[PDB]
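Here is the structure we will look at.
Quick reminder, even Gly has a Cβ in these numbers, built from the backbone with ideal geometry, and neighbours come from all protein chains shown. What follows is calculated from the coordinates using simple rules that are stated; it is not laboratory data.
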Amino acid sequence: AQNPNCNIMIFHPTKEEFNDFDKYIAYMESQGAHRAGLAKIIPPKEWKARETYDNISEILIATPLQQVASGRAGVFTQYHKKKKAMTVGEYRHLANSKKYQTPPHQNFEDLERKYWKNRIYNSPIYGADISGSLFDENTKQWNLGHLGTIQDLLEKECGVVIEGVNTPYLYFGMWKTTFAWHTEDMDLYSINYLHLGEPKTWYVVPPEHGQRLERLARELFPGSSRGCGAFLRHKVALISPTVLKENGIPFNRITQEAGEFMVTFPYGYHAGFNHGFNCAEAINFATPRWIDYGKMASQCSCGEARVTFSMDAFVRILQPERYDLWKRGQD
Ligand SMILES: O=C(O)CNC(=O)C(=O)O
Ligand SMILES: [Mg+2]
Ligand code: NI
Ligand SMILES: [Zn+2]
């Protein structure tokens with residue numbers, strides 16, 4: 001078995017290898033990359049996402065989210081308070097202000113220490129989940145707006161044609177902005193490109209160990225667990241690396257820098273934080289190997305998780321027994 005310790009693997013495809021997206025994902029899996037739940041892909045030196053980032057300031061963040069924490073430094077939840085709209089140029093100036101800017105630090109490990117010590121005492125503002133793309137239309141390789149759709153993959157594997165669409169989302173971050181522990185909708189893959197700015201640190205649990213994280217989460221968030229049998233779908237819970245280590249949970253960590261892609265694999269729990277002002281693009285995708293994960297994915301039916309239009313068909317076709325309860329949670 002390749003990669004039996006489930007380490008995060010880093011790949012350096014050539015420009016030739018960067019042509020065929022599906023083929024390269026399958027290659028990475030042939031080397032065991034998926035066992036980690038996360039991989040890094042450094043694009044060939046010849047590649048670029050677009051020519052410059054000098055003209056993005058007028059993008060609107062219609063609903064910036066203030067991420068307010070509750071709990072203790074290493075075990076907390078966050079809720080998202082909606083703020084007034086602002087442009088990317090206004091958000092960048094806010095990120096760089098004394099109130100929100102990255103503190104002085106020695107290296108990434110020092111900054112990580114400071115994040116986990118102090119995150120809960122601040123409420124950073126995240127421009128998350130903005131439909132759109134920063135890839136140039138002329139970028140033909142790894143253009144996250146031009147991937148094969150999940151509806152086409154389901155149709156190709158299973159023969160059933162379904163409604164729905166699959167488009168990318170932009171994320172504008174600042175110091176301490178946080179993504180809570182989660183797997184993707186329907187345990188899909190994700191791919192994330194860091195277009196510009198400061199790094200993003202990731203934590204990940206191997207898919208074969210995801211139920212160990214779920215059992216810890218139920219212990220640490222006992223009211224939430226009584227409320228919902230899949231409360232991590234709410235995307236609000238944080239657990240620090242120190243607490244994971246104290247509880248024996250297998251995990252790994254890595255820092256993504258501007259110009260790098262990350263892929264999350266089906267049922268790979270992940271969480272993390274931004275180092276300072278940045279912009280990422282991400283989208284879900286599927287392969288043949290996902291279908292079995294989609295069929296087994298947990299679902300939230302309590303009403304909290306509320307998701308896209310296109311998840312309906314996935315539940316309806318892959319999980320017909322669960323469909324009526326899930327759809328009630330949607331309505
Ligand atoms: O960058 C973020 O805030 C969150 N991104 C993801 O969870 C992802 O790409 O799967
Ligand atoms: Mg603009
Ligand atoms: Ni994700
Ligand atoms: Zn729920």
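Looking only at region 122-155, which residues are over 18 Å from the mean Cα position of the chain (by Cα), touching a residue at least 12 places away in the same chain (Cβ under 8 Å) and assigned to a helix (DSSP H, G or I)?
Passing the criteria: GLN151, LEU153, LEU154.
For the condition more than 21 Å from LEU213 (Cβ to Cβ) and either under 16 Å from the mean Cα position of the chain (by Cα) or in a strand (DSSP E or B) (or both), what is the one hit in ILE283, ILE254?
The unique qualifying residue is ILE283.
Could you tell me how many of the residues in region 189-240 are within 13 Å of ligand 4 (Cβ to nearest atom) and not in a helix (DSSP H, G or I)?
Qualifying residue count for the region: 7.
Scan region 1-27 and report the pairs whose first residue is in contact (Cβ under 8 Å) with a residue 24 or more places away in the chain and whose second residue is acidic (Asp, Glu) and part of a loop (DSSP other than H, G, I, E, B), with Cβ atoms within less than 8 Å and a gap of 6+ or a chain change.
Filtered contacts from region 1-27: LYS15/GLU46.
Does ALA280 fit the bill of being touching an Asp or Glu at 6+ places or on another chain (Cβ under 9 Å) and under 23 Å from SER131 (Cβ atoms)?
no
Hey, does region 254-266 have a residue that's surrounded by 17 or more Cβ atoms within 10 Å (Cβ to Cβ), of a type in the set (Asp, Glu), closer than 30 Å to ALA95 by Cβ and more than 16 Å from ligand 4 (Cβ to nearest atom)?
yes
Find the residue count for region 174-208, including only residues that are more than 10 Å from ligand 3 (Cβ to nearest atom) and among the acidic types (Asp, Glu).
3
Does any residue in region 196-210 that is at positive phi come within less than 7 Å, Cβ to Cβ, of a residue that is surrounded by fewer than 21 Cβ atoms within 10 Å (Cβ to Cβ) six or more places away or on a different chain, and which pairs are these?
Pairs found: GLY197/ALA258; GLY197/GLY276.
Only one of these is part of a helix (DSSP H, G or I), in contact with a helix residue (DSSP H, G or I) (Cβ under 6 Å, 6 or more places away or on another chain) and away from ligand 4 (no atom under 16 Å from the Cβ): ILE249, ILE291. Name it.
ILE291
Among the numbered criteria (1) farther than 30 Å from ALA95 by Cα; (2) within 15 Å of ligand 3 (Cβ to nearest atom); (3) of a type in the set (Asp, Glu), which one does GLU281 miss?
Tallying (1) farther than 30 Å from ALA95 by Cα; (2) within 15 Å of ligand 3 (Cβ to nearest atom); (3) of a type in the set (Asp, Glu), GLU281 fails exactly one: (1).
Could you grab me the full set of residues in region 261-278 that are within 29 Å of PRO103 (Cβ to Cβ) and within 16 Å of ligand 3 (Cβ to nearest atom)?
Listed by number, the residues that qualify are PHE261, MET262, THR264, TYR269, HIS270, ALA271, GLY272, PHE273, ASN274, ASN278.
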